[PDB]
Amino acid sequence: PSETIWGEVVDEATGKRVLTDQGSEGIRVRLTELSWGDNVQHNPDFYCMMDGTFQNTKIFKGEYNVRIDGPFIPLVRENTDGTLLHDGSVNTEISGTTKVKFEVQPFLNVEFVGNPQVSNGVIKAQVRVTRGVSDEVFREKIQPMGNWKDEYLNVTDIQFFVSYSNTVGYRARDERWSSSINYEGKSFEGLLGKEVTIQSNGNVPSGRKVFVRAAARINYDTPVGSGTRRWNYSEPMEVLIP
């Protein structure tokens, strides 16, 4: 198998990359070969890099469905009876190098506001979480699937991932220093668009460089029924510990 697919995942509203973590909880890519007969998945599900791009170079030449799932409104939507309502996956020939672009509606946008202050090996940052897609659109696209609940929109937590590695995120988290804030029910609503202060745990030794990153998620799993509630992510930042 000698063909390549390259893809990027961008926010429909802004054109910005949808940043993620290259682990099972990141942005999943599934390639199914389409056939007159029955369709076959030759390539295991694989994951985007942290920058919201993906590539696989071991594709058998042919026609494919390309489906992605992530911290964004599902593109392939079926109701609770199993009936398909919308299919926003891409069908494309994969031949030579094939480039594809997915425009999605991320649940949340997450950014740092300041530079993270450090004092005594504990790091402190300002995080701003906002809706990546309007609550109206979220409901319009998801309510028709059935088993709707307003609480699906609740922002459940913020994570402050800390790692020696520049691939900092859930997979590479250092549990000595990574931290989080959990929010019950809908109690984050008043904090949308405001600066939330978060602090590392433990004490990172002075003289060391660590990488830090913010993440936030809602009370909603993708793919639906999987139990995986996926984070939206900020850009990483390098922090030098005095």
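Sequential numbering from 1, following the sequence displayed.
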* Structure fact -> Of 62 to 70 vs 204 to 212, the stretch with the larger average CA B-factor in the entry is 204 to 212
* Would you tell me which stretch averages the higher CA B-factor in the PDB entry, 162 to 170 or 100 to 108? => 162 to 170
* Please pick out which of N43, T57, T53, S187 has the largest Cα B-factor as recorded in the entry. => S187
* To do: Sort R128, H86, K149, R131 by C-alpha B-factor from the entry and give me just the highest.
  => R128
* If you rank the chain by CA B-factor, which third does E238 end up in: lowest, middle or highest? -> highest
* Structure fact -> Quick tally, chain-level thirds of C-alpha B-factors: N79 sits in the lowest
* Would you mind ranking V90 by its C-alpha B-factor against the rest of the chain and naming the third, lowest, middle or highest? => middle
* Asked: Looking at the C-alpha B-factor of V118, is it in the lowest, middle or highest third of its chain?
  -> highest
